[PDB]
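Cβ: placed from backbone, ideal geometry, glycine included. Neighbour counts: every protein chain shown. Coordinate-derived values only; no laboratory data.
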Amino acid sequence: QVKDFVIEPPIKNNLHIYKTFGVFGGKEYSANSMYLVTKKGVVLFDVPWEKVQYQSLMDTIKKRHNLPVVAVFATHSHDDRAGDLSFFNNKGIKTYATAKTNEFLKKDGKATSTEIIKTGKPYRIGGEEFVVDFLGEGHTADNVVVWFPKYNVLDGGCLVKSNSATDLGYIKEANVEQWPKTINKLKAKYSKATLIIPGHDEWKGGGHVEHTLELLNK
Ligand SMILES: [Zn+2]
Ligand SMILES: [Zn+2]
């Protein structure tokens, strides 16, 4: 498979945004994920959209950083997020999801995580720190965000729409009534965030939170 994924220039050395692509309904779409380099290996936040690219990403990370992937955190149950966790489980790489996300994975016939996320509590690995937060339902009932306090970056995931999105996208499993309330909680909580990464489309340019509220109103 062609290496068409994009690893962006990192925030303060170790925090990386990476973009992967998938074709759905005759059109190519982008998903933004992240990874964090630590002294004990690399932590993925969500996985390539296409499972055929899992090994490719791991190989690229090994060549770039001389480090293995040592943990995978899913920000919800969908294919562009948790994906197929069996790939990582089979290799003995710890995978992390909330109880809710695991319930969805199991219901959908998919592999579940080997570790259970405690929301709102610091995770520390290889000298790095982050917090996985559940702010409420939105894009899905299980969507969570990831705060990186040393980087002032919030991984919004698919709860946050891109400034470049023209609709809400896949909403069959969304809680549209709760979504703006969850976004307003996010907006109030992460004032220190100088960068918020939306799950899909353009991550550059800011104004993602405000545009999410606009799309919800429309
Ligand atoms: Zn989703
Ligand atoms: Zn998504």
Practice prompt. Mind telling me which of 24, 87, 134 comes out most flexible in a GNM of the chain, alpha-carbon contacts under 10 Å?
Written response: 24
Worksheet, complete the sentence: Neighbours of residue 134 by Cβ distance under 11 Å: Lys/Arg at +1, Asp/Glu at -1, summed charge 0
Worksheet item: Using Cα atoms only, what is the angle between the long axis of helix 54-65 and the major principal axis of the chain, expressed in degrees (0 to 90) to the nearest 10?
Response: 70 degrees
Discussion item. Which residues does the label zone of residue 217 cover in segment 142-168, counting backbone N under 19 Å from a point 7 Å along Cα→Cβ?
Written reply: 160-168
Worksheet item: Hey, got the Cα dimensions of the chain along the principal axes, in Å, largest first?
Response: 46, 37, 32
Fill in: Farthest toward positive dipole pole in the chain [+1 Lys/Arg, -1 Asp/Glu at C-beta], among 102, 176, 114
114
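For residue 39, what is the net charge nearby, where nearby means another residue's Cβ is under 15 Å from its Cβ and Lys, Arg count +1, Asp, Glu -1?
Numbers: positive: 12, 40, 124, 150; negative: 128, 129.
For residues surrounding residue 39, the net value is +2.
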Practice prompt. Rounded to the nearest 10 degrees, what's the angle between the helix 179-189 long axis and the longest principal axis of the chain, both from Cα atoms, 0 to 90?
Written response: 70 degrees
Discussion item. Taking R0 as 30 Å, what FRET efficiency do you get between residue 2 and residue 115 from their Cβ-Cβ distance, rounded to the nearest 0.05?
Written reply: 0.40
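May I ask you to order 36-48, 169-181 by the average number of other C-beta atoms within 10 Å around their residues, highest value first?
36-48, 169-181
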Worksheet entry | Charged-residue dipole, Cβ positions (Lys, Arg, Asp, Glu), the chain about Cα centre, Debye nearest 20 | 780 debye
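Taking the number of other C-beta atoms within 10 Å as the exposure measure, put 35, 190 in order starting with the fewest. All intermediate terms of the calculation are to be shown ahead of the outcome.
Values: 35 24, 190 19.
Least to most surrounded, the residues fall as 190, 35.
I need the calculated FRET efficiency for the pair residue 181 and residue 152, taking r as the beta carbon distance and R₀ as 30 Å, to the nearest 0.05.
Working: r = 24 Å, r/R0 = 0.81.
The value I calculate is 0.80.
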Worksheet, complete the sentence: Ordered by fewest other Cβ atoms within 10 Å, a rough proxy for footprinting exposure, 77, 164 read 164, 77
Worksheet, complete the sentence: Full extension between residue 91 and residue 192 adds, at 0.36 nm per residue less the Cα distance, a length in nm of 32.7 nm
Worksheet entry | Kirkwood hydrodynamic radius of segment 136-218, from inverse mean 1/r over distinct Cα pairs, in Å | 12.5 Å
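Past 31 Å, Cα to Cα, is the threshold; run 3/118; 19/189; 150/181; 121/218 against it and keep the listed order.
Over 31 Å Cα-Cα: 3/118; 121/218.
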Discussion item. I want to verify a result. In a Gaussian network model of the chain, Cα cutoff 10 Å, which of these has the top mean-square fluctuation: 25, 199, 156?
Written reply: 25
